[PDB]
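Have a look at start24.cif below; it lists mmCIF, C-alpha atoms.
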data_input
loop_
_atom_site.group_PDB
_atom_site.id
_atom_site.type_symbol
_atom_site.label_atom_id
_atom_site.label_comp_id
_atom_site.auth_asym_id
_atom_site.auth_seq_id
_atom_site.Cartn_x
_atom_site.Cartn_y
_atom_site.Cartn_z
ATOM 1 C CA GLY X 10 -25.613 -4.905 5.358
ATOM 2 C CA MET X 11 -25.035 -7.363 2.538
ATOM 3 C CA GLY X 12 -21.676 -8.428 1.171
ATOM 4 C CA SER X 13 -18.518 -8.852 3.210
ATOM 5 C CA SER X 14 -16.377 -9.557 0.187
ATOM 6 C CA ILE X 15 -17.012 -10.076 -3.445
ATOM 7 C CA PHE X 16 -17.066 -13.795 -2.615
ATOM 8 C CA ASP X 17 -20.576 -13.365 -1.286
ATOM 9 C CA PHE X 18 -21.568 -13.375 -4.889
ATOM 10 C CA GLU X 19 -21.538 -16.354 -7.134
ATOM 11 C CA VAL X 20 -19.553 -15.856 -10.312
ATOM 12 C CA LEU X 21 -20.192 -17.476 -13.658
ATOM 13 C CA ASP X 22 -17.562 -18.729 -16.103
ATOM 14 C CA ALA X 23 -17.824 -17.767 -19.788
ATOM 15 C CA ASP X 24 -20.961 -19.885 -20.225
ATOM 16 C CA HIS X 25 -22.737 -18.800 -17.008
ATOM 17 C CA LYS X 26 -21.673 -21.942 -15.253
ATOM 18 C CA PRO X 27 -21.022 -20.960 -11.620
ATOM 19 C CA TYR X 28 -17.390 -19.940 -11.477
ATOM 20 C CA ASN X 29 -15.226 -20.567 -8.447
ATOM 21 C CA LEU X 30 -14.652 -16.937 -7.477
ATOM 22 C CA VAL X 31 -13.396 -17.788 -4.004
ATOM 23 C CA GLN X 32 -10.287 -19.442 -5.466
ATOM 24 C CA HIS X 33 -8.937 -15.939 -5.292
ATOM 25 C CA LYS X 34 -9.290 -16.031 -1.555
ATOM 26 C CA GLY X 35 -5.868 -15.236 -0.225
ATOM 27 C CA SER X 36 -4.447 -13.147 -3.015
ATOM 28 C CA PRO X 37 -6.108 -10.088 -4.536
ATOM 29 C CA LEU X 38 -7.927 -10.453 -7.800
ATOM 30 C CA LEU X 39 -8.749 -7.789 -10.308
ATOM 31 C CA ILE X 40 -12.158 -8.223 -11.748
ATOM 32 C CA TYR X 41 -12.623 -6.227 -14.918
ATOM 33 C CA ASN X 42 -15.940 -5.325 -16.517
ATOM 34 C CA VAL X 43 -14.529 -5.601 -20.002
ATOM 35 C CA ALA X 44 -16.120 -4.467 -23.200
ATOM 36 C CA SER X 45 -15.685 -7.445 -25.542
ATOM 37 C CA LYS X 46 -15.485 -5.707 -28.946
ATOM 38 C CA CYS X 47 -13.042 -6.736 -31.642
ATOM 39 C CA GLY X 48 -9.554 -5.331 -32.084
ATOM 40 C CA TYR X 49 -10.363 -2.362 -29.852
ATOM 41 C CA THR X 50 -9.046 -2.368 -26.312
ATOM 42 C CA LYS X 51 -7.626 0.407 -24.132
ATOM 43 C CA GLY X 52 -4.383 -0.740 -22.523
ATOM 44 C CA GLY X 53 -6.302 -2.852 -20.039
ATOM 45 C CA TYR X 54 -6.048 -5.923 -22.283
ATOM 46 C CA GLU X 55 -2.253 -6.233 -22.187
ATOM 47 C CA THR X 56 -2.535 -5.007 -18.628
ATOM 48 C CA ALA X 57 -4.932 -7.687 -17.538
ATOM 49 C CA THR X 58 -3.246 -10.406 -19.598
ATOM 50 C CA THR X 59 0.163 -9.802 -18.054
ATOM 51 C CA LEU X 60 -1.176 -9.002 -14.584
ATOM 52 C CA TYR X 61 -3.188 -12.134 -14.312
ATOM 53 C CA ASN X 62 -0.409 -14.447 -15.460
ATOM 54 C CA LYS X 63 2.286 -12.688 -13.493
ATOM 55 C CA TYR X 64 0.265 -12.801 -10.336
ATOM 56 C CA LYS X 65 -2.022 -15.811 -10.607
ATOM 57 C CA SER X 66 1.189 -17.411 -9.503
ATOM 58 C CA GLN X 67 0.331 -15.951 -6.073
ATOM 59 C CA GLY X 68 -3.456 -16.244 -6.469
ATOM 60 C CA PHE X 69 -4.236 -13.082 -8.429
ATOM 61 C CA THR X 70 -6.716 -13.170 -11.215
ATOM 62 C CA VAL X 71 -7.898 -10.853 -13.793
ATOM 63 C CA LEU X 72 -11.487 -11.844 -14.086
ATOM 64 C CA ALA X 73 -12.791 -10.570 -17.389
ATOM 65 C CA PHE X 74 -16.518 -9.948 -17.407
ATOM 66 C CA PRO X 75 -17.220 -9.002 -21.057
ATOM 67 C CA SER X 76 -20.251 -6.674 -20.716
ATOM 68 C CA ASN X 77 -23.298 -7.600 -22.727
ATOM 69 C CA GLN X 78 -23.735 -4.408 -24.749
ATOM 70 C CA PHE X 79 -26.972 -6.045 -25.879
ATOM 71 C CA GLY X 80 -28.518 -4.415 -22.845
ATOM 72 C CA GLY X 81 -27.870 -0.894 -24.070
ATOM 73 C CA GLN X 82 -26.515 0.730 -20.927
ATOM 74 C CA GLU X 83 -23.170 -1.024 -21.176
ATOM 75 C CA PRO X 84 -19.928 0.776 -20.243
ATOM 76 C CA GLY X 85 -18.080 -0.051 -23.441
ATOM 77 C CA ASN X 86 -20.862 1.213 -25.699
ATOM 78 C CA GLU X 87 -24.103 -0.487 -26.828
ATOM 79 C CA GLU X 88 -24.548 -1.177 -30.557
ATOM 80 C CA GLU X 89 -20.861 -1.930 -31.028
ATOM 81 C CA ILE X 90 -20.744 -5.703 -30.445
ATOM 82 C CA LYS X 91 -24.169 -5.975 -32.069
ATOM 83 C CA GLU X 92 -23.408 -4.340 -35.410
ATOM 84 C CA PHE X 93 -19.749 -5.363 -35.516
ATOM 85 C CA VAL X 94 -18.366 -8.858 -35.235
ATOM 86 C CA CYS X 95 -17.211 -9.317 -31.664
ATOM 87 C CA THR X 96 -16.548 -12.451 -29.744
ATOM 88 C CA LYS X 97 -17.248 -12.437 -26.000
ATOM 89 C CA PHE X 98 -13.798 -10.874 -25.576
ATOM 90 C CA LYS X 99 -11.933 -14.004 -24.404
ATOM 91 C CA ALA X 100 -8.276 -13.963 -23.432
ATOM 92 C CA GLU X 101 -5.755 -15.448 -21.055
ATOM 93 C CA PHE X 102 -7.999 -14.805 -18.042
ATOM 94 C CA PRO X 103 -11.008 -16.264 -16.327
ATOM 95 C CA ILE X 104 -13.274 -14.434 -18.742
ATOM 96 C CA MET X 105 -16.845 -14.952 -17.713
ATOM 97 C CA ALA X 106 -20.116 -15.199 -19.599
ATOM 98 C CA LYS X 107 -20.560 -11.414 -19.835
ATOM 99 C CA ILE X 108 -22.722 -9.643 -17.393
ATOM 100 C CA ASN X 109 -24.565 -6.327 -17.478
ATOM 101 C CA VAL X 110 -21.690 -4.582 -15.740
ATOM 102 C CA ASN X 111 -23.251 -1.171 -15.678
ATOM 103 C CA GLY X 112 -25.821 0.931 -13.903
ATOM 104 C CA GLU X 113 -28.774 -1.218 -14.834
ATOM 105 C CA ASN X 114 -28.161 -4.742 -13.592
ATOM 106 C CA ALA X 115 -24.424 -5.100 -13.127
ATOM 107 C CA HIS X 116 -24.385 -8.310 -11.164
ATOM 108 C CA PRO X 117 -24.702 -8.934 -7.383
ATOM 109 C CA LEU X 118 -20.883 -9.152 -7.299
ATOM 110 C CA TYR X 119 -20.322 -5.933 -9.275
ATOM 111 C CA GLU X 120 -23.329 -4.377 -7.652
ATOM 112 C CA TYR X 121 -21.310 -5.175 -4.596
ATOM 113 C CA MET X 122 -18.222 -3.728 -6.231
ATOM 114 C CA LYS X 123 -19.542 -0.330 -7.237
ATOM 115 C CA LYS X 124 -21.641 -0.253 -4.052
ATOM 116 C CA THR X 125 -18.409 -0.733 -2.121
ATOM 117 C CA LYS X 126 -16.510 1.729 -4.304
ATOM 118 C CA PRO X 127 -18.553 3.573 -6.980
ATOM 119 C CA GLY X 128 -16.341 5.362 -9.474
ATOM 120 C CA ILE X 129 -13.354 7.560 -10.197
ATOM 121 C CA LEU X 130 -15.807 10.398 -9.707
ATOM 122 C CA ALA X 131 -17.538 11.151 -6.439
ATOM 123 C CA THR X 132 -19.845 8.484 -7.797
ATOM 124 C CA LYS X 133 -20.033 6.278 -10.885
ATOM 125 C CA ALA X 134 -21.394 2.871 -11.823
ATOM 126 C CA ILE X 135 -19.163 1.405 -14.536
ATOM 127 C CA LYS X 136 -19.086 3.162 -17.946
ATOM 128 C CA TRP X 137 -15.930 2.077 -19.799
ATOM 129 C CA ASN X 138 -14.012 -0.776 -21.332
ATOM 130 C CA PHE X 139 -12.125 -3.189 -19.047
ATOM 131 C CA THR X 140 -12.473 -1.018 -15.845
ATOM 132 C CA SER X 141 -10.828 -3.132 -13.185
ATOM 133 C CA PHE X 142 -11.672 -3.394 -9.476
ATOM 134 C CA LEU X 143 -8.817 -4.211 -7.257
ATOM 135 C CA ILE X 144 -10.236 -6.935 -5.192
ATOM 136 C CA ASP X 145 -8.230 -7.784 -2.116
ATOM 137 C CA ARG X 146 -6.983 -11.039 -0.545
ATOM 138 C CA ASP X 147 -10.307 -11.562 1.197
ATOM 139 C CA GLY X 148 -12.202 -10.407 -1.849
ATOM 140 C CA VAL X 149 -12.652 -6.791 -0.835
ATOM 141 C CA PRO X 150 -12.688 -4.278 -3.742
ATOM 142 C CA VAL X 151 -10.534 -1.339 -2.693
ATOM 143 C CA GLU X 152 -9.890 0.139 -6.128
ATOM 144 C CA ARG X 153 -11.160 0.284 -9.618
ATOM 145 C CA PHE X 154 -8.908 1.165 -12.502
ATOM 146 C CA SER X 155 -10.004 2.737 -15.743
ATOM 147 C CA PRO X 156 -9.339 1.169 -19.161
ATOM 148 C CA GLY X 157 -6.445 3.449 -19.648
ATOM 149 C CA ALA X 158 -4.488 2.339 -16.638
ATOM 150 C CA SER X 159 -1.832 -0.233 -17.416
ATOM 151 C CA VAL X 160 -0.158 -3.154 -15.634
ATOM 152 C CA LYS X 161 1.991 -0.728 -13.670
ATOM 153 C CA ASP X 162 -0.861 1.495 -12.598
ATOM 154 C CA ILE X 163 -2.745 -1.506 -11.289
ATOM 155 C CA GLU X 164 0.239 -3.329 -9.753
ATOM 156 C CA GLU X 165 1.067 -0.373 -7.517
ATOM 157 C CA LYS X 166 -2.272 -0.985 -5.795
ATOM 158 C CA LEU X 167 -2.254 -4.731 -6.405
ATOM 159 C CA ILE X 168 1.257 -5.657 -5.256
ATOM 160 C CA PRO X 169 0.676 -4.264 -1.689
ATOM 161 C CA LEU X 170 -2.193 -6.764 -1.516
ATOM 162 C CA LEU X 171 -0.434 -9.679 -3.282
ATOM 163 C CA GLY X 172 2.656 -9.144 -1.268
ATOM 164 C CA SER X 173 0.290 -8.614 1.647
ATOM 165 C CA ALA X 174 1.475 -5.472 3.410
ATOM 166 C CA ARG X 175 -1.806 -5.507 5.364
ATOM 167 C CA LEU X 176 -1.384 -2.094 6.982
#
Can you dump the structure from the file as structure tokens?
Amino acid sequence: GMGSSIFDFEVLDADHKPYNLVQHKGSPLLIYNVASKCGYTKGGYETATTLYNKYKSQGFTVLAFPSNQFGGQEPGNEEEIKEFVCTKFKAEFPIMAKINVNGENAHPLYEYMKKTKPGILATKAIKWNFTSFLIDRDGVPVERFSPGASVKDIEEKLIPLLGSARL
């Protein structure tokens, strides 16, 4: 099959310049398909902000991929960042140049992510705000958290990987 880790897939910084994803090789990284918007988040913002900075120290990242609602299928909404004034999210993370994180295009990396682990349901393909994926030391997504889970809720899956319990 295709994809051993998320690192099989080129990432793109907030201007679609190829981002160095594999710099999170060694310590888990949480990549979030985040719905940009303005003023409206769902816990995941303070979650991601604090998680990233508390754990980038080890190697952890919160990669923010601020879904391009311009597509229509996007997990955050659709018309929201088109009718309202919304910057491409942006924060204290490696926030990337927004990708179609959703069931239409996602992105090879997220296609890899939901193909590795679909949704909180039996199956799902991204349909919320931030929606994290707990990517492991070697870039293997083993979780995905909903925008509604906080620092704590993520750490409890993250820390075992940061701290490297292995088994």
Given the file above and the PyMOL selection byres ((chain X and resi 81-94) around 12), which residues are selected, and can you give them as an MDAnalysis selection string? chainID X and resid 41:51 74:80 95:98 107:115 133:140 155:156
When distances are computed from all atoms listed in the file, which of X:68, X:53, X:150, X:157 shows the smallest separation from residue 100 (chain X)?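 Nearest to residue 100 (chain X): X:53.
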Closest atom pairs, residues of region 79-143 of chain X within 12 Å of region 162-176 of chain X, all atoms listed in the file, as CSV:
residue,atom,partner,partner_atom,distance
X:140,CA,X:163,CA,10.8
X:141,CA,X:163,CA,8.5
X:142,CA,X:163,CA,9.3
X:143,CA,X:167,CA,6.6
Determine the residue membership of the PyMOL selection byres ((chain X and resi 26-38) around 9) for the file above and supply it as a ChimeraX atom specification. /X:15-25,39-40,61,64-65,67-72,103,105-106,142-150,167-168,170-173
To one decimal in Å, tell me the separation between CA of residue 159 (chain X) and CA of residue 63 (chain X).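 So the two atoms, CA of residue 159 (chain X) and CA of residue 63 (chain X), lie 13.7 Å apart.
Going from CA of residue 130 (chain X) over to CA of residue 158 (chain X), you cover 15.5 Å.
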Which value, in Å to one decimal, gives the distance between CA of residue 160 (chain X) and CA of residue 101 (chain X)?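 So the answer is 14.6 Å.
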Restricting the calculation to all atoms listed in the file: of X:131, X:11, X:126, X:99, which residue gets closest to residue 154 (chain X)?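 Looking only at the distances to residue 154 (chain X), the closest residue turns out to be X:126.
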Closest to residue 123 (chain X) among X:153, X:161, X:59, X:13, using all atoms listed in the file? X:153
Using only C-alpha atoms, the residue out of X:14, X:55, X:125, X:73 with shortest distance to residue 104 (chain X) is X:73
